[PDB]
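# Structural overview for review
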Amino acid sequence: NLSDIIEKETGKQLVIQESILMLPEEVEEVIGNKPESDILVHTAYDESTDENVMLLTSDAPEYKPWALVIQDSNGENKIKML
Amino acid sequence: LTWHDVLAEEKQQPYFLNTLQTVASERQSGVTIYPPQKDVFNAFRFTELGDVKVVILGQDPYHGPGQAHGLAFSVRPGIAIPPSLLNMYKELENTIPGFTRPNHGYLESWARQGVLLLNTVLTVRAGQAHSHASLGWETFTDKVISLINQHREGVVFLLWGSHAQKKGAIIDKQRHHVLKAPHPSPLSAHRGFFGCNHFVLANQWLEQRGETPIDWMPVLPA
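Residues numbered from 1 in each chain as written, not as in the entry; some residues may be left out. Chains lettered and ligands numbered in written order. Heavy atoms only, no water.

As documented in the archive entry, the model was determined using X-ray crystallography at 2.4 Å resolution.

Printed below as a string of structure tokens:
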């Protein structure tokens, strides 16, 4: 399950509020790395720390994890390749 | 001109009728699908063809319980404001005088003013994002856009993200006004969405044509 990967990675069980589809080039302009296919940006919000937790996976039906991005209130983010 | 008149032929296509069939068969076998069936076409109910002033393109409905209700980006009253909509609000707070953060994400008042909030895929299976892709919805919404392009003049299109921008190739850029930007999602919001002024530009276009601007401040129906 997607929310399980997030908990497994952040130690906090968060709720995915939205999933946005992005093409390889769009992602590259931000991650600095080009994915092999289209990706879905599953986003959850952490009210305690005031930060957005984004889990990037391939499209359906696989939903293969590709990266985990944590972004703070300043817009700065920490990326982790999965 | 109404949606009823222009979409008459399309509703007769085998593919369109089978898309409705697949959804109906899935709901009957116990699969939870969002939105509720009665809300699936709300974008068309609240904004009639001849009333369309602005078109904002979305992808597919929210896949969580109680979120989606047939409009792109909007969520029911009492539901937490999703990340993309929150960013849209932020853009509105620092570009429109007197705007203040609404405290709910219900956007029916926008639709009622001529803003067609259209998702490209109209249904989704619970907890499974983009699960109803390539079933017929895209073919149908491609046609809807093509019809607005053909039967209306001077409509403003707000295309956010590469996926939505590609769909904007069917549009005649001289007859209509097309505006592009990165998606409002937190991942890309800082690469062009914030400061795109789409909401201001949209109203300026309407004003110079002698049309009423859009009051972007969402209101809960009493």
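The next point concerns the overall build of chain B. The helix and strand inventory of chain B stands at 8 helices and 6 strands. Going residue by residue from the N terminus, the α and β elements of chain B occur as α-α-β-α-β-α-α-β-β-α-β-α-β-α. When each of the 222 residues of chain B is scored for burial, the buried share is 55%. Surface exposure of chain B reaches about 9,600 Å², of which carbon and sulfur atoms provide 49%. Of the charged side chains in chain B, 19 are positive and 18 negative; the average position of the first set lies 5 Å away from that of the second. (Helix = DSSP H or I, 4+ residues; strand = E, 2+ residues; numbered from the N terminus. Buried < 20%, exposed > 50% of the residue type's maximum accessible area, 1.4 Å probe, protein only. Areas by Shrake-Rupley, 256 points an atom, 1.4 Å probe, with all protein chains shown as cover. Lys, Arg positive; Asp, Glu negative; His and termini not counted. Charge placed at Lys NZ, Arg CZ, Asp CG, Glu CD.)

Here we take up the pairing of strand β6 (residues 177-181) of chain B. Residue and element names in this part refer to chain B. One ladder, built from 5 bridges, connects strand β5 (residues 156-160) with β6; its direction is parallel. Its bridge partner lying in β6, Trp-160 is registered against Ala-181. Each parallel crossover has a hand, and for β5 linked through helix α7 (residues 162-167) to β6 it is right-handed. (Pairing = 2+ DSSP bridges. Right-handed = clockwise from strand over helix to strand, strands pointing away.)

We now examine the sheet that holds strand β2 (residues 39-46) of chain A. All names here are of chain A. The 5 strands lie next to each other as β1-β2-β3-β4-β5, forming an open sheet whose pairing is antiparallel. The open sheet has two edge strands with one neighbour each: β1 (18-22) and β5 (77-81). Strand-to-strand twist in this sheet, taken as the mean axis angle between neighbours without regard to direction, amounts to 20°. Note: strand β4 (residues 65-71) against β5, 5 bridges, orientation antiparallel. Opposite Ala-67, over in β5, you have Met-81 as the bridge partner. (Axes fitted to C-alpha atoms, helices over the stretch in contact; angles between N-to-C directions.)

On to the UniProt feature "active site" in chain B, then. The sites that carry the UniProt feature "active site" are, in the present numbering, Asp-60 of chain B. You can see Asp-60 of chain B is positioned in the loop between β2 (54-58) and α4 (83-93). Those residues within four positions of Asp-60 of chain B in sequence are excluded, and the remaining contacts are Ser-19 of chain A together with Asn-119, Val-121, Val-124, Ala-129, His-130 and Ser-131 of chain B. A distance of 2.9 Å separates a polar side-chain atom of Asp-60 of chain B from the backbone nitrogen of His-130 of chain B. (UniProt positions renumbered as here; feature names shortened; annotations may be inferred. Contact = heavy atoms within 4.5 Å. Polar contact = N/O pair within 3.5 Å; in protein donor to acceptor, adjacent residues only side chain to side chain.)

A word on the nonpolar core. Residues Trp-3, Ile-56, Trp-110, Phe-157, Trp-160, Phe-199 and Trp-216 of chain B are the most contacted members of the largest nonpolar core, which totals 62 residues. Among residues more than four places away in sequence, those in contact with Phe-199 of chain B are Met-88, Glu-91, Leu-92, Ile-96, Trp-110, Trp-160, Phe-193 and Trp-216 of chain B. Formed by 13 residues, the second largest nonpolar core is a distinct cluster that contains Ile-16, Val-53, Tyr-63 and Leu-68 of chain A. (Core = buried A, V, L, I, M, F, W, Y, C linked by side-chain atoms within 4.5 Å.)

Attention now goes to the interface of chain B and chain A. Accessible area lost when the parts come together is the quantity often used to give the size of an interface. Residue-level contacts link 25 residues of chain B with 24 residues of chain A. Overall, the association of chain B and chain A removes approximately 2,000 Å² of surface from exposure, summing both partners, and the carbon and sulfur fraction of that is 60%. Three residues, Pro-83, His-130 and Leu-187 of chain B, lead the burial of chain B against chain A; their summed loss comes to 30% of the area buried on that side. Viewed at the interface, chain A and chain B are joined by 0 salt bridges. Linking chain B with chain A are 9 residue pairs in polar contact, by the criterion used here. Looking at the side of chain B that touches chain A, the elements with two or more residues in it are α4 and α7 of chain B. Considering each element in turn, the side of chain B that touches chain A owes the most residues, 3 residues, to α7 of chain B. A class-by-class count of the residues in the side of chain B that touches chain A yields 8 nonpolar, 14 polar and 3 charged. (Buried area = accessible area lost by both parts, 1.4 Å probe. Salt bridge = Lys/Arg side-chain N within 4 Å of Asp/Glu carboxyl O. Nonpolar A, V, L, I, M, F, W, Y, C, P; charged D, E, K, R; others polar.)

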